[PDB]
């Protein structure tokens, strides 16, 4: 409001605002200036029929084919058409916008020799709601996807409005816009980069962090519902003993989340309760008190911490990628044309595969915490499967655990894609990254975690009123509880659960519980 | 027309007719008789408040909870409600019908103690177009999915008409049907089985074989377009040398497919051409003739053969499963109630994971054959990337290869699910199969292969007119070619390919090319 | 002398102690705040108050209370009953890297272990008494460490010239008196991530050298095939795509190829190709390539990405090494901290990512091999680099297979940090499987030396088969001589297995990299 795509300072969060919240995009004057001057100089060199990859030569393997400058526009135009071969589902609006935003930023950096008109047109599509119908499958890491985008820039292909693809040509006339004509290198620079995987992966990682937070939120509530120890989160054990950035953060968010609880216990109270309970048992005596709780309720900082570490690394790679010249060849001033491979998404390809893994484990932990409260032998006194009435006759959450358990297994069948290169194009592309497959894998696990966490939020809230511990909950926990209960009623007798779960899962995919804390508490989560 | 669901002779093909072609289902009189008598006897035992799993006891872990027969209907009813917790996408109509058909057949076998009314109602939904809105995710292998189905049987849950879920209750009134009331063991028997994975997997495997066939079809065309040797398919090398059932079949389908070709060559001609070409070169001389062709055009029987073997094994397991009492506990006559685990989908869980693998390789082969014709160094004289005009200025199929290459990598990231058991329900379900995850994995690779093969059919047909070899094609090849060309025009100048590919892929998902051969030739493919 | 102070231990330091038998010393400070911590702590144990592992049961058995009068029995029963490692025994250097990691941990000072524990550990390392540690058993590292903790109390087995021998004889046979485990000593010895952190350290240190050796031969090959330098120019990375790793690889590629007579500047190519074009307003077919294939052009991007992953891993390992990954923990007038710093999730992720990264590194090396062996892609060289009559001779045609096979095998290795399975009742309901993660990485690294070994040979072969040895820059000749000094050129074809394994063992020793450093002074990042 409005975001500045200068190819230098764009952030993941900024990309999400443009994509999700329809924030206005704006290409700075100094950027348009850099572009204009670059175009003029580059035009003077192309005008001399000099050999320049994809400007005066065929593409990929057919680079050995020389094309005369008299075929300037045809060259770039056949490229986009013949490469618009994406298949499969179409990306949602917010996803397609992130990809376009990422492209625009790439070009706006100034090392692509694109006419300002292109930067202008892209931003116009974003600012005016013209969303390309981008097919998800095709890139080897992102020709196909970007080619489909590039098509709408010239009045071709399809734009995705209302979820269905509509012939771009028509929508443009229905808006007064006049199709562009691709000039020297412009079709190439529009598709020869990592904007597909970088745009989608930004959204994924931004939410991933939000999912880490909401994961911390529910976990805090559960700990308060089952009255666990707060010892595991004492700052000394992390800030001093094992200083892993993410571990330190999660520990801090946990302490803030539970500040003000009357339900949680402190190690000092735990041991005293044991000391007085071992009043005169013998030498070796079996107690009922647990000086410590299971890993699922004590190793949260280590596990969720590592997830964060992975998440921070990915955001850092994305930050650098968003503001890079994901293109080839590249123009600089007073230098020869750079002929390299900055279109290779390996860096992001690796990042997103790691996210997949990290999120998969984040879901593993959630799953076990669910199992934790549903198993009477581990819930610390809660009725079996949170049944509030007559067990047996009622299963309570018994069935609701399955979709969560099945999801942990499903996320585990998704393998790394960044290592699955297959040589194509006459062996010219002997090594690729498949980065867009990696990002989608991550999007899938992310989406799946929402369902798992949803079952967790419902269980916690249910655990709270069954034990009748609502008055003891901390402020944050009461916020979390009310947010859940405002959507789904407490479980009396057994009832259809599918809708309840899918309802909280949607609340989760839009940061609801993260909002509840922001407007109900003074807590500032990392 | 009409299929007989007797729980004894149902076939995969029969299941597909009910699902895909809306074939009428019919439960034989002897089956209804077996049911009625079973119900009467079982009712007399339940009536004696005797302990029977899920009839007079709680479910899963809560089996230790005893329920009085006075809670007959509530017991079964809470079960279905509380277990209707599926999440994610809803299965298509044909998929949901296969699952219901599989359930009905299970019960109709007679060892489930269900009232004939249930068999009657299920068949009524199938015969009258009442399709349940079954969520894809939830089963640990298939409670959730079947529970969602069971809901519509009692006027609850949702039915999927027009792709959207609509409150069952309403649709029933809009049809005059009156909701059933679940009696002793009826809610349990409706959800306690493998019908989810068995119904979906039947469709998958049936098509899988069709995909193997259409894979053989395109391969035959390609071999004829590039004039390869027919030697690799001589019956002696398989029927005698390496008698693998599927290998023998593929070899036979290849010989029939190419019978009548003028373009293919025979080893006897190949060597003579070499003998006369080595006219006086020296001792060691470099020729341009290849006595043999690459694996992609010579090992088709071995590779596609193994795929078939795997496919036949899966169909055989499914055949046995479809006609089994996927339920628990089970009733027999003059015996104690059987209390086991025939609900465990491991057998099918394993089968579908193998299908995933086998199909993945089937796509690997297709991919390489594509690469084969697009690479001028391997296409045997074809213009680079099948460009018919000025290469470089035109890329031809250059871009169209990517979605196919990317798909091979995507299918490779799908790992086995049958081994991903996670213990749930208070450790009562310590070992499960995840069979429905396995079947969906297989459905995904199947769906993906269609796209890969589509790119292959377009390339072959393009390869045919570019070389101008249409008059030499065998009858089957001309059939295949015309079927392709009837959908997509020959590639002149470069153009948007996305629609072309997606068009042939759809033709492929409905057996078009398999039909073209059936109405244009006298060929009977195995 | 490597200073094991639980504060500054480095990955490279760990290697020196493990591979080069570097001597270790525990600083007076560390050994001081050890006895002290031990002092206050011991004053807590006396009062017989609840303290996990010290006066309680283990894992899910924490409900069982244990009176102080069982101080030695507790620690001993623990270590002996958890010594259940199976499978192969870690190698001497591996077993060593683990021990060092555990010491550094207890030298941090918050484990409250008697100083002789840190002392005796250092002695084992300083005297060559290596524990026989089996590789399997850890859920991420009780068992692996339980075997280490045994040798300390004169039990289990030590590793002598390859085989496991009773710690009993070896100790008596060396004039050492076994120890007696006191309060919390047994638990502290086995309650951490020392196996995975230790092994991971060796793996990451070597991974980085592999990235360096991948670049070396890559440069050789790019030279032997007359590739373009355009792809590595600083503007394309330092300016256009600031990824640390990418920049580093580009720099090394410029340094390695520095002063070559076979390489071509883009300007020259442009002028070369242009000169080869007729006029009109048409499209021409040329035999020149303005750009070379990805395997010879996208090295900075791919290898740089690998480096970024290796850098992040070293980072996590450095933090973990100098961390108190033990439990419970002790502090100054603070309640006894009861957490889970024994959870290897952080390193489990790091190593899983390394496995992935190294696998791509191998994919790239392999495709370059394919690149040079295929006459349609080698840019001139003879098919499969045959010197004499092809067909009659296969050349390197046969050597390519194990290379292509390894890429496939590496791809069958999946992430382990996510395959947690609940055990110990349900007390350990979420674990990391980090030591499996480290071992997956160890395997891919090992397989990459084989893939590279083929590449190094192919490179030398292509050099003296095209006759460009005099055009090779200083670094290139160094690499070349390095190979010939081990394997001669290939005239007629012969048994390849020995040459390959020879160049592979050499690679795992740093024979190359060492050569560029000696014969060139070039400082590779």
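Condition check: more than 7 Å from chain A (Cβ to nearest Cβ) and either in contact with a helix residue (DSSP H, G or I) (Cβ under 8 Å, 6 or more places away or on another chain) or assigned to a strand (DSSP E or B) (or both). Does residue B:400 satisfy that?
The answer is no for residue B:400.
Can you tell me which of C:467, C:471 is touching a helix residue (DSSP H, G or I) at 6+ places or on another chain (Cβ under 9 Å), more than 30 Å from residue C:16 (Cβ to Cβ), surrounded by fewer than 23 Cβ atoms within 10 Å (Cβ to Cβ) and in the same structural domain as residue C:352 (by CATH)?
After ruling out the rest, the residue left standing is C:471.
So which helices (runs of 4 or more DSSP H) are wholly in the range B:409-526 and hold at least 1 residues that are in contact with a strand residue (DSSP E or B) (Cβ under 8 Å, 6 or more places away or on another chain) and within 21 Å of residue B:362 (Cα to Cα)?
Helices (runs of 4 or more DSSP H) meeting the threshold: B:435-467, B:498-509.
A quick yes/no check of all residues on (1) within 11 Å of chain B (Cβ to nearest Cβ); (2) part of a helix (DSSP H, G or I); (3) surrounded by 24 or more Cβ atoms within 10 Å (Cβ to Cβ):
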{"site": "A:73", "(1), (2), (3)": "no, yes, no"}
{"site": "A:78", "(1), (2), (3)": "yes, yes, yes"}
{"site": "A:85", "(1), (2), (3)": "yes, no, yes"}
{"site": "A:96", "(1), (2), (3)": "no, yes, yes"}
{"site": "A:101", "(1), (2), (3)": "no, yes, yes"}
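Any residue in the range A:36-50 that is within 38 Å of the chain's Cα centre (by Cα), farther than 22 Å from residue A:110 by Cα, surrounded by fewer than 20 Cβ atoms within 10 Å (Cβ to Cβ) and more than 8 Å from chain B (Cβ to nearest Cβ)?
no
Hey, residue A:121 hits all of (1) more than 25 Å from residue A:28 (Cα to Cα); (2) surrounded by fewer than 24 Cβ atoms within 10 Å (Cβ to Cβ) but one; which does it fall short on?
Result: residue A:121 passes all but (1).
Go through (1) in the same structural domain as residue A:271 (by CATH); (2) buried (at least 24 other Cβ atoms within 10 Å of the Cβ) one by one and return the number of the condition residue A:213 breaks.
(2)
Of C:287, C:244, C:332, which residue is within 30 Å of residue C:7 (Cβ to Cβ) and over 21 Å from the mean Cα position of the chain (by Cα)?
C:332
With the requirement that a residue be part of a helix (DSSP H, G or I), touching a helix residue (DSSP H, G or I) at 6+ places or on another chain (Cβ under 6 Å) and surrounded by 20 or more Cβ atoms within 10 Å (Cβ to Cβ), what does the range C:1-30 give you?
C:11, C:14, C:15, C:17, C:18
Looking at the range C:337-378 only, could you name the residues that are closer than 30 Å to residue C:107 by Cβ, facing chain A (nearest Cβ under 7 Å) and not in a helix (DSSP H, G or I)?
Of everything in the range C:337-378, those that are closer than 30 Å to residue C:107 by Cβ, facing chain A (nearest Cβ under 7 Å) and not in a helix (DSSP H, G or I) turn out to be C:337, C:338, C:339, C:340, C:341, C:343.
Exactly one condition in (1) out of contact with any strand residue (DSSP E or B) (no Cβ under 8 Å at 6 or more places or on another chain); (2) farther than 20 Å from residue C:77 by Cβ is false for residue C:141; which is it?
Every listed condition holds for residue C:141 apart from (2).
Residues being within 19 Å of residue B:41 (Cβ to Cβ) and within 23 Å of the chain's Cα centre (by Cα): count how many of those fall in the range B:110-134.
Looking only at that region, the number is 0.
Being in contact with a strand residue (DSSP E or B) (Cβ under 7 Å, 6 or more places away or on another chain) and surrounded by fewer than 18 Cβ atoms within 10 Å (Cβ to Cβ) is the requirement here; does residue C:165 meet it?
yes
Looking at this structure, is residue A:333 more than 9 Å from every other protein chain (Cβ to nearest Cβ), touching a helix residue (DSSP H, G or I) at 6+ places or on another chain (Cβ under 9 Å) and closer than 26 Å to residue C:228 by Cα?
Against the criterion (more than 9 Å from every other protein chain (Cβ to nearest Cβ), touching a helix residue (DSSP H, G or I) at 6+ places or on another chain (Cβ under 9 Å) and closer than 26 Å to residue C:228 by Cα), residue A:333 qualifies.
Working carefully through the options C:79, C:72, C:113, C:66, find the one that is touching a strand residue (DSSP E or B) at 6+ places or on another chain (Cβ under 8 Å) and assigned by CATH to the domain that holds residue C:164.
Sole residue among the options that is touching a strand residue (DSSP E or B) at 6+ places or on another chain (Cβ under 8 Å) and assigned by CATH to the domain that holds residue C:164: C:66.
Could you tell me whether any residue of the range B:414-435 is within 22 Å of the chain's Cα centre (by Cα), farther than 30 Å from residue C:426 by Cα, within 14 Å of chain A (Cβ to nearest Cβ) and crowded, with 24+ Cβ neighbours inside 10 Å?
no
Give me a count of the residues in the range A:475-519 that are surrounded by fewer than 23 Cβ atoms within 10 Å (Cβ to Cβ) and more than 26 Å from the chain's Cα centre (by Cα).
Adding up the residues that qualify gives 12.
Select from the range A:386-395 the residues that are more than 7 Å from every other protein chain (Cβ to nearest Cβ) and either closer than 25 Å to residue A:250 by Cα or buried (at least 24 other Cβ atoms within 10 Å of the Cβ) (or both) and list them in ascending order.
Scanning the range A:386-395 gives A:386, A:387.
With respect to residue A:325, determine if the residue is in contact with a helix residue (DSSP H, G or I) (Cβ under 7 Å, 6 or more places away or on another chain) and either within 7 Å of chain C (Cβ to nearest Cβ) or closer than 30 Å to residue A:41 by Cα (or both).
The answer is yes for residue A:325.
For (1) at the interface with chain C (Cβ under 7 Å from one of its Cβ atoms); (2) surrounded by fewer than 24 Cβ atoms within 10 Å (Cβ to Cβ); (3) closer than 27 Å to residue A:466 by Cβ, each residue gets a yes or a no:
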site	(1), (2), (3)
A:222	no, no, yes
A:232	yes, no, yes
A:256	no, yes, yes
A:261	no, yes, yes
A:275	yes, yes, no
A:290	yes, yes, yes
A:296	yes, no, yes
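Determine whether residue A:303 is under 18 Å from the mean Cα position of the chain (by Cα) and part of a helix (DSSP H, G or I).
no
Within the range A:51-71, take every residue that is part of a loop (DSSP other than H, G, I, E, B) and touching a helix residue (DSSP H, G or I) at 6+ places or on another chain (Cβ under 9 Å) and give me the one that is nearest to the other protein chains (Cβ to nearest Cβ).
A:58
What about residue B:137, is it within 12 Å of chain A (Cβ to nearest Cβ), more than 25 Å from residue B:329 (Cβ to Cβ), within 24 Å of the chain's Cα centre (by Cα) and surrounded by fewer than 24 Cβ atoms within 10 Å (Cβ to Cβ)?
So residue B:137 fits the description; yes.
Numbers and lists here come from the model and the stated rules, or from a named source; none is laboratory data. Note that each Cβ is placed from the backbone with ideal geometry, even for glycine, and that neighbours are counted across all protein chains shown.
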